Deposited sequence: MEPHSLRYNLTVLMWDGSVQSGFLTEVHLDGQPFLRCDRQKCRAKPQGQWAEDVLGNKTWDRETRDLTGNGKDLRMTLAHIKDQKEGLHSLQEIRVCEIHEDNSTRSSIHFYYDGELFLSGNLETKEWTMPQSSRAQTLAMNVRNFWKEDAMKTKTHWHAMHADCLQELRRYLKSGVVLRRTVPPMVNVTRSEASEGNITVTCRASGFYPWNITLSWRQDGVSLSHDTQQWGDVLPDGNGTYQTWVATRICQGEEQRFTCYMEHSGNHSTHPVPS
C-alpha cells in the first residue's frame, strides 16, 4: 500500500506588472482530484467546504502579496505557485514539503520534517528565492513556528479526511483471459490479458514448465488506464503447436498468485 497523500496547489497570476484578483487552489487526496477553490468558494468533483474556503483564501491573499515583491518583468503573463504536500506511510511515519514555482519552474523547496530550505543552482532560481526569503524576513512574522504549524496543519487535515472515509484504496483483482492466434508454420502466439484491476502494480509473465521466460522471448503491453478508475495490460510469446500444455501465464497482484493455462 502506497502512503495516504494530501496536496494543495495554489496559483496566483500577473499581467503586465499587475497582480490579478483571481487565484485557484487544487486540493488532491491520495492522488485523486478532491477540491477546486477560487477566491469565493471551494467545490467538490456540502457547504461544510467553509473551513477549506476560509483557510485557502488566506493563503491566496498571502501569495498575492508575495508576488507583489517580484517586479523583475512588467511585461507578459507570469504565474507563482505554492504547493504543500504531506503523506502518511504504512509504518505510521510522515513526509511533508512545500515548493514554490514561478512560470512553472521551481525556485524554493522546504522539507518540513527536517526544517531544511533548498535552492536550485540557476542565477534565476536564486534571485526569486532571496526576493521571497527577504519579504519573509521583513517583519512579516515568518517565524520558525509558522512552518511547523503548516506541517501539522496538512497532516491533521489528511487524518480528518481519511476518517470521513471519502476515498477508499479498495483492491479490484484482475479478470484474466488467455487466447491463441496466428496458427502458422506450426507456430502459435498465446496472449494473457489482465483487465479491470487496482492498484496499478501487477506481475504477469509466461512460464515454460513453471520457469519464467526471459523478458526478450515475450511481447509486453503497457499498463493502460481502463477509463473507469482501473488498469489493463497483457503479455504474449510464440510457441510450437502441440507444446501448449507446457506454457502457463503466472500473475501476482495484492498477495494473490494465480496460474492460467492455455485453453485447448
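Taken in order along the deposited sequence, the one stretch absent from the coordinates is 46-56.
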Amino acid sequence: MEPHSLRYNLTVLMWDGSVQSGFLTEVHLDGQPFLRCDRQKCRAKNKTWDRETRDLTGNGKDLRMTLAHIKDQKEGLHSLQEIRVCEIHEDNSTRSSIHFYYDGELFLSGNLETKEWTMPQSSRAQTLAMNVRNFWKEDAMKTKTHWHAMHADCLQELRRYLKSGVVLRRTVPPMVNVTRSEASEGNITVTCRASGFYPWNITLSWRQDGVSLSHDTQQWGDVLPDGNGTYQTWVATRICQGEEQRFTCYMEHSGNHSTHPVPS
From here on, numbers count along this sequence of modelled residues.
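Annotation for 84-92 versus 156-164: the higher mean temperature factor (C-alpha) is found in 84-92.
Just going by the entry, 190-198 versus 67-75 on mean CA temperature factor gives the higher value to 67-75.
Residue-level inspection of the entry shows that, of 172, 175, 112, 106, 112 has the top Cα B-factor. If you compare the C-alpha temperature factors of 206, 220, 49, 231 in the entry, 49 comes out highest. The deposited CA B-factor of residue 20 belongs to the lowest third of values across its chain. Among all modelled residues in this chain, the alpha-carbon of residue 240 has a temperature factor (C-alpha) in the highest third. Among the modelled residues of its chain, residue 99 has a C-alpha B-factor that falls in the lowest third, as given in the PDB entry.
Among the modelled residues of the chain, residue 264 sits in the highest third by CA temperature factor in this PDB entry. For residue 59, the recorded CA temperature factor ranks within the lowest third of the chain's modelled residues.
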